[PDB]
Peer 1: 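Dumping the structure here so I can ask a few things about it.
Just so it is clear: chains get the letters A, B, ... in the order the sequence lines come, proteins before strands, and each one is counted from 1. All ligand and atom numbering here is 1-based and tracks the order in the structure. We use all heavy atoms of the structure for the numbers below, so side chains are in, but hydrogens, waters and symmetry mates are not.
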Amino acid sequence: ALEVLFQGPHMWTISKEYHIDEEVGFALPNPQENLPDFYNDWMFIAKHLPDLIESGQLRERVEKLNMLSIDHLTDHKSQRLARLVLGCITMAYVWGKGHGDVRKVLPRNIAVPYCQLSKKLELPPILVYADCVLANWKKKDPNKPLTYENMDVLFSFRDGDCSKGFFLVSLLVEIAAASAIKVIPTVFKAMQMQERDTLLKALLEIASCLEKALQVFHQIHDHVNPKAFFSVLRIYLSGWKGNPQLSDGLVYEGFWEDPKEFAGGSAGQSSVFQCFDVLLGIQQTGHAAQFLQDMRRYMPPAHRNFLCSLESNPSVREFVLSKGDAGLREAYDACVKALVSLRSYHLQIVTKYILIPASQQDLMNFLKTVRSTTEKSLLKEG
Amino acid sequence: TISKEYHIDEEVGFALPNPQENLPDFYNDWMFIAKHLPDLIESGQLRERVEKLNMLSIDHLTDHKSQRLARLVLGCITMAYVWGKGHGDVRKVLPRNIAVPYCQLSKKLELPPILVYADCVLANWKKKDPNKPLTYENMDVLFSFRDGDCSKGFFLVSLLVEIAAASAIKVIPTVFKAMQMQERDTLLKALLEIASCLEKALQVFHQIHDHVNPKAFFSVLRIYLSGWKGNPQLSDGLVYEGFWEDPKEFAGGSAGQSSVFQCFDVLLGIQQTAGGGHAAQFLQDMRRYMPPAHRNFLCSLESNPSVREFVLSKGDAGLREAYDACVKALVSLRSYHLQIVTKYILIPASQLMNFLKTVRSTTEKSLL
Ligand code: HEM
Ligand code: HEM
Ligand SMILES: O[C@@H](c1cn(-c2ccccc2)nn1)c1c(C2CC2)sc2cncn12
Ligand SMILES: O[C@@H](c1cn(-c2ccccc2)nn1)c1c(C2CC2)sc2cncn12
């Protein structure tokens, strides 16, 4: 960071200041399962959101809370758990049973420490992908590997909402894509040094990682069901930006005067997918371009910094295009075709889990626009 | 010192140092129109002169300084074409012979195909006498839109403020190195030096009253500075004929595109681009309208540790007082700016503010 100010933007190494783990990548490694005893009143509500919502007792338990100070959350891992705890509670409070009865005012005893801890971590006071995906997980047995069977989420909204399935499959894909992040400094160093064979090997390794990530994504069908995702999980993931149910935003009582509008949790907030579009020169950032640029403001600041540092580095696409090297172009296209495959598989999933259940009781245009931009980035056709 | 890759000058800072006054003879057809925009617009001959142009290739613009002059030339012509005499008759289609090389040269420089602060302020200037100093008397702009539009006054005062603020940019590496090295006295000296520079920049800003007038700014210059993003006059954007199929929407020139003012908010931890407000979104978007090296510098400043969090964590009154000197100087600049926008915009309209008051409020709320 100091050396980039003096010698210029050059990603010869991935700095610890970017908060990318060698193993989990953009995910929070080994998230905290428990908070200090001082916050047991928050932890009780968050760990019992399904029963509290169903019994109609949730809003009362939130309203009858004492305002706890965020000063007892010393380290980042505990501040991130608190963010996930308060975030999950806020969604449950605002949406309730999830059938029309909204709450446009968040109680001061929860809204004050929430916006305080949110300001500390530079994140909006709404549940984000970094909370319910990147920090909402644990290993059942630490010695066993990071697989679905050896993992669990920390919080759910309703019984049978498929929260574990949806969040853990997204996380397992994040970790699969993370192995290609280690290859990024190799790409920039080989471009600077003009090591063509090294760059080719690096581009093929990134493609190999994104191909393995598509295989991981097939597990969605075994852990999520269309009725539960559309009818239940979708509601608790909804935000208050451009929403007819909370047209002016949410009142963060004791923190802001007027209601504030924030976008709901979105996989458009995933730092790993945005960093491959940046790396490969896919100019993703129209409505889709604006949405993805905005979703960076919903990512952890170290990850938001990593994305802009990747944009400050030379273009891998322009470099490949300028070399008149078929093997290098074929390797670059392997990376692009792996992203097109992921986006195309994703559209198939959104048809099964959103488009079809909706017919049996937009965002399709966003995903088709993203995929179209990825496919139009190929040099030789796919 | 800050890397040469950031394109910050020791003297002018974010401004383009010694901008090129003339383009190669191959582009004399562009230069004739641009240098005669006041007469060509008034006579109604400008749109015809643009439509009767041959499509020139951008390949004869070899170095950056000439590519930036071409961007200023094509940009000024584009505003004059779209807005014409500036009284309702808009042009929703930009001719292929100008729109094609404009979007081509814009793609090269990573800038949108619309006139930006980097064109009409940072690269739209010359020294009357090179040996004399960089003062109003010894300076002039390269292009104007209409006679009596106060283009020289508005653009040169903005530029003179940019250069006044530039002297505090040299102090930035000193701040970060002293935080890393834990040199408290060095950090205090550096914070006071930055405050000194932002105090001197407020003095420079007073010249606006001597070189701009409310009637000419509101009635004339404002029109040519207007863009096509959220504009009821070009609701769908502009057609860049021979480059894009559908009309594209781009924001007009804005001092929100100044890299020097954004870098002091980043340095001092004023979260201007946070909260999800209209002001936070606008300032984040305006980074896409800055030269990429300057956009990279802003990002590099964000990647560095927080000076505000560091000062807050030390329980050091002298250090907090020095940090607050920097913040109070930015509040003073923003408050003086609001006074100017009342005289030059709010009052002439009776015969924007919410954005500037939201920015200033965020700066004041940052005091310790
Ligand atoms: C139950 C299955 C899934 C459904 C119904 C689903 C739905 C959606 C929707 C509606 C969006 C649009 C953005 C928004 O409005 O929030 C989106 C975007 C996205 N999703 Fe999924 N998703 C599923 C599984 C996954 C998984 C497992 C991943 C892996 C991390 C993933 C990665 C992405 C990415 C990266 C985007 C951003 C746009 C893009 O870059 O393609 N999705 N998803
Ligand atoms: C004739 C006098 C001036 C008027 C009427 C004026 C007007 C405005 C307006 C309307 C905006 C809002 C952004 C937009 O809509 O584009 C703005 C922003 C701004 N102006 Fe001025 N301006 C004047 C002089 C100056 C000068 C001389 C400077 C010095 C560089 C300056 C610096 C700024 C900055 C930095 C912003 C961005 C917001 C902020 O950080 O405070 N202005 N100005
Ligand atoms: O973007 C989120 C989302 C939004 N909808 C959605 C469903 C129906 C109607 C409207 C919207 N579904 N999922 C999302 C994740 C949440 C945890 C952050 S994880 C992930 C992977 N793909 C999408 N998402
Ligand atoms: O922000 C720009 C602006 C916007 N308006 C404006 C006036 C009336 C109604 C709406 C908008 N005036 N100026 C601006 C500069 C443009 C040339 C790049 S230079 C500078 C210094 N202070 C502000 N600006």
Peer 1: Short list, please: which atoms of ligand 2 are under 4.0 Å from a heavy atom of B:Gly256?
Peer 2: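 Answer for ligand 2: 37 (C).
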Peer 1: I need the contact type for B:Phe155 against ligand 2. Using non-hydrogen atoms and a strict under-4.0 Å cut-off, is it side chain, backbone, both or neither?
Peer 2: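 For B:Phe155, no heavy atom sits under 4.0 Å from ligand 2.
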Peer 1: How many angstroms lie between atom CG of B:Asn124 and atom CG of B:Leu156, to the nearest 0.5 angstrom?
Peer 2: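 With rounding to 0.5 Å, CG (B:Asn124) is 8.0 Å from CG (B:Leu156).
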Peer 1: Please work out which of B:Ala255, B:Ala251, B:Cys150, B:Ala201 has its closest non-hydrogen atom nearest to atom 32 (C) of ligand 2.
Peer 2: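 Heavy atom nearest to atom 32 (C) of ligand 2 belongs to B:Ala255.
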Peer 1: Report yes or no: does B:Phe217 have a heavy atom closer than 4.0 Å to ligand 4?
Peer 2: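 Yes, B:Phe217 has a heavy atom closer than 4.0 Å to ligand 4.
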Peer 1: For atom 27 (C) of ligand 2, tell me which residue out of B:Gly153, B:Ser158, B:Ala216 has the closest non-hydrogen atom.
Peer 2: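 Residue with the shortest heavy-atom distance to the ligand atom: B:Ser158.
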Peer 1: Indicate yes or no: does an N/O atom of B:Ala255 lie under 3.5 Å from an N/O atom of ligand 4?
Peer 2: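 Yes, there is a polar N/O contact under 3.5 Å.
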Peer 1: Out of all atoms in ligand 2, which are within 4.0 Å of some heavy atom of B:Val161? Include the element for each.
Peer 2: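 This gives 29 (C), 30 (C) as the contact atoms.
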Peer 1: Using a 4.0 Å cut-off to any heavy atom of B:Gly253, which atoms of ligand 4 qualify?
Peer 2: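 Reading through ligand 4 atom by atom, the close ones are 2 (C), 16 (C), 18 (C).
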Peer 1: Does only the side chain of B:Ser158 get under 4.0 Å from ligand 4, or the backbone, or both, or neither? Count heavy atoms.
Peer 2: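 It is the side chain that touches ligand 4; the backbone stays farther off.
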Peer 1: Heavy-atom contacts with B:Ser254 under 4.0 Å: which atoms of ligand 2 show up? List them by number with element.
Peer 2: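 Answer for ligand 2: 13 (C), 14 (C), 16 (O).
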Peer 1: Relative to ligand 2, is B:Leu333 under 4.0 angstrom through side chain, backbone, both or neither, heavy atoms considered?
Peer 2: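 The answer is neither; B:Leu333 stays 4.0 Å or more away.
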Peer 1: Are any of the side-chain nitrogens in B:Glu302 or A:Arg296 under 4.0 Å away from the carboxylate oxygens of its partner?
Peer 2: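 No, this pair does not count.
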Peer 1: How does A:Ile220 reach ligand 1, by side chain, by backbone, by both or by neither, if only non-hydrogen atoms under 4.0 Å count?
Peer 2: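 For A:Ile220, the contact with ligand 1 is made by the side chain alone.
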Peer 1: Out of A:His218, A:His346, A:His223, who gets a non-hydrogen atom closest to atom 20 (N) of ligand 1?
Peer 2: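 Going through A:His218, A:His346, A:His223 one by one, A:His346 has the nearest heavy atom to atom 20 (N) of ligand 1.
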Peer 1: What about A:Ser270: any of its N or O atoms under 3.5 Å from an N or O on ligand 1?
Peer 2: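 A:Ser270 vs ligand 1: no N/O contact under 3.5 Å.
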Peer 1: Kindly identify the option in A:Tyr129, A:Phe166, A:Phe230 whose heavy atom sits closest to atom 23 (C) of ligand 1.
Peer 2: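 That would be A:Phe166.
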Peer 1: Quick check: does A:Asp277 get an N/O under 3.5 Å from an N/O on ligand 1?
Peer 2: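 It does not: no N or O of A:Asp277 is found under 3.5 Å from an N or O of ligand 1.
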Peer 1: Under a 4.0 angstrom heavy-atom cut-off, which atoms of ligand 1 come close to A:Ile349?
Peer 2: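 Heavy-atom distances to A:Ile349 below 4.0 Å select 2 (C), 3 (C).
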Peer 1: Going by atom types only, do B:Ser259 and B:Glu162 share a side-chain donor-acceptor pair under 3.5 Å?
Peer 2: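 B:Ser259 vs B:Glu162: no donor-acceptor pair found between side chains.
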Peer 1: Is it true that A:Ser344 and A:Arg371 share a donor-acceptor pair across their side chains at a distance under 3.5 Å?
Peer 2: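 Judged by distance alone, the side chains do pair up.
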Peer 1: Counting only heavy atoms, which portion of B:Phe154 has something under 4.0 Å from ligand 4: side chain, backbone, both, or neither?
Peer 2: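 The answer is the side chain.
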Peer 1: Measure A:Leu367 to ligand 1 on non-hydrogen atoms and call it side chain, backbone, both or neither using the 4.0 Å cut-off.
Peer 2: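 Just the side chain.
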